[PDB]
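Single-structure report; data block below.
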Amino acid sequence: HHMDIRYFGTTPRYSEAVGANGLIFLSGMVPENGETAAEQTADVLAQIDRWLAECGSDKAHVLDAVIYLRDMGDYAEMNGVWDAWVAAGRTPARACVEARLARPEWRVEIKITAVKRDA
Amino acid sequence: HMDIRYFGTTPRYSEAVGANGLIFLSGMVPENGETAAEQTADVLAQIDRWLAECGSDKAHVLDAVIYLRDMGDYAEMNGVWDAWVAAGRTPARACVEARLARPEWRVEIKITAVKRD
Amino acid sequence: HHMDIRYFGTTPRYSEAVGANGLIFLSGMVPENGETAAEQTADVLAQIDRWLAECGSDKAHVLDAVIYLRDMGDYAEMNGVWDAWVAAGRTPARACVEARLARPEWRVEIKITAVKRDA
């Protein structure tokens, strides 16, 4: 019935996206490209775009975002990219905290909750 | 069915976001106070404000994530928290140590709630 | 009554599990047994199994998991336990970040969101 789960980008460890009754949970997305906070933030947001598309959602349908930075010194730099990317008038619940990530060179990780668009 | 309402929207985030009975609040950070207890009170008072605005309250919080700058403030935060929570209807909770956007912020609380029917 | 809340393992501070409209929110599960990351992860995951079962769910119906490690040096050791525990083909959205926990001896805390299986 309506609690049925769908899985996207499944690995032995995690799925990139998981969806159930209209809600969408993305794995924490980490940089695949870039060195600077801005470069890495851009790459992470592009991944999010790609995975939200796969789930029948998009950034204008993000409910919540938690942003983990390795170093809170990168706040303004991250924000500059985030601010340009978010859907205006439809910006999500957000929290930003300092936490070290699985690799030392990762400066940002963003964890998204979103909703599947109604047809 | 999956329609979204945004509350207190800024260019960067909204304070509250509702979809299909669920409410997601932004991390609420202190606007008043210096000590962990004073800041926890202020954070919780904001949560109350945004909850009420969204047709919810503290007795309909599902989940709370508490970030402290310093886990040494654990007892101090809890004292304020324990007094505030709706008795018999206390949420899923996790409390972890993480630094916040401003150095003087000792506490940030992130809430998921339900809109009362 | 569509959004009725059910509470499980309610203390004056928190409930171990909270359910509403099919979704399950577990409190951060912390180790009650074990010293090493491996030992503590298993204990944490054993708790999760228990509470998910109490809420009419299981590990194959976990939507999301946030894993906090005291020390990111424990990443491989935790993943070892995680990888064997997770339901193959049904692995959840995951994020792993470094954060100190309530007690210094605690090396892992896992926070789960899941769905109540249909009848």
Side-chain angles (χ1 to χ4, degrees), chain B residues 22-23 25 27-30 33 35-52 56-98 106-116, chain C residues 3-20 23-33 43-44 46-57 66 68 99-106 108-114:
Chain B
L22 283 171
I23 295 158
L25 297 190
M28 298 288 169
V29 293
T35 77
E38 285 168 350
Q39 288 193 359
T40 304
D42 180 79
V43 157
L44 292 175
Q46 292 178 52
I47 289 162
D48 285 341
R49 198 261 259 211
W50 288 113
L51 288 187
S56 189
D57 54 51
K58 64 193 184 165
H60 296 74
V61 176
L62 292 169
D63 187 65
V65 186
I66 306 158
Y67 302 101
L68 298 167
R69 186 185 169 74
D70 190 326
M71 189 60 53
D73 291 324
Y74 192 63
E76 195 177 320
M77 181 280 163
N78 283 337
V80 175
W81 172 269
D82 287 359
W84 173 83
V85 287
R89 291 185 66 103
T90 59
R93 205 184 88 155
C95 179
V96 288
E97 199 192 79
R106 307 204 61 94
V107 63
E108 179 168 348
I109 299 170
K110 175 258 225 84
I111 297 286
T112 306
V114 89
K115 184 195 188 284
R116 279 144 59 194
Chain C
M3 314 304 158
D4 287 341
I5 308 167
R6 186 116 173 270
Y7 300 87
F8 307 84
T10 306
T11 84
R13 181 167 298 165
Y14 62 82
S15 305
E16 295 286 5
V18 177
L23 294 155
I24 291 149
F25 291 84
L26 298 192
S27 267
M29 298 290 169
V30 289
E32 296 164 352
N33 295 284
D43 181 272
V44 162
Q47 284 178 63
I48 287 166
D49 276 344
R50 293 308 119 251
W51 290 110
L52 285 178
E54 273 191 57
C55 307
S57 177
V66 182
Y68 309 95
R100 282 166 188 136
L101 310 166
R103 317 250 194 86
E105 340 84 69
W106 290 349
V108 63
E109 179 167 353
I110 301 173
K111 212 270 260 192
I112 295 288
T113 307

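By convention in this document, chain letters (A, B, ...) are assigned in the order of the sequence lines, proteins followed by strands, and residues within each chain are numbered from 1.
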Could you check whether any side-chain heavy atom of [X] comes within less than 4.5 Å of a side-chain heavy atom of [Y], counting everything from C-beta outward?
X: C:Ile5; Y: B:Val114; result: yes
X: B:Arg106; Y: B:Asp70; result: yes
X: B:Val85; Y: B:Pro91; result: yes
X: C:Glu109; Y: B:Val96; result: yes
X: B:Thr112; Y: B:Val61; result: no
X: C:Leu23; Y: B:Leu22; result: yes
X: B:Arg93; Y: C:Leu26; result: no
X: C:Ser15; Y: C:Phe8; result: no

For [X], all residues meeting salt bridge (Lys or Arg N to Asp or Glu O under 4.0 Å), sequence neighbours excluded:
X: B:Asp57; value: B:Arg116
X: C:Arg100; value: B:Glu97
X: C:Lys111; value: B:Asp63

Smallest separation among heavy atoms of [X] and [Y], with atom names:
X: C:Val30; Y: C:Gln47; result: O-NE2, 2.7 Å
X: B:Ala41; Y: B:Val80; result: N-CG1, 3.7 Å
X: B:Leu51; Y: B:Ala113; result: CD2-CB, 3.7 Å
X: C:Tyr68; Y: B:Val65; result: OH-CG1, 4.0 Å

Assess whether atom CZ of C:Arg13 is packed by more than 12 heavy atoms of other residues, nucleotides or ligands within 6.0 Å.
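Counting other residues, nucleotides and ligands, CZ of C:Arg13 exceeds 12 neighbours.
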Nearest 0.5 Å, please: how far is [atom2] in [Y] from [atom1] in [X]?
X: B:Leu44; Y: B:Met28; atom1: CG; atom2: CE; value: 11.0 Å
X: B:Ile111; Y: B:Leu62; atom1: CD1; atom2: CG; value: 9.5 Å
X: B:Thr40; Y: B:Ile47; atom1: OG1; atom2: CD1; value: 9.5 Å
X: B:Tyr74; Y: B:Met71; atom1: OH; atom2: CE; value: 7.0 Å
X: C:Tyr14; Y: B:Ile66; atom1: OH; atom2: CD1; value: 11.5 Å
X: C:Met3; Y: B:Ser56; atom1: CE; atom2: OG; value: 12.0 Å

C:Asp43 side chain to C:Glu32 main-chain N or O, any donor-acceptor pair under 3.5 Å?
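Confirmed, C:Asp43 side chain pairs with C:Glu32 backbone.
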Exam field: side chain B:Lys58 to backbone B:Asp48, donor-acceptor pair closer than 3.5 Å:
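Side chain of B:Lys58 to backbone of B:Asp48, a donor-acceptor pair under 3.5 Å: no, none is there.
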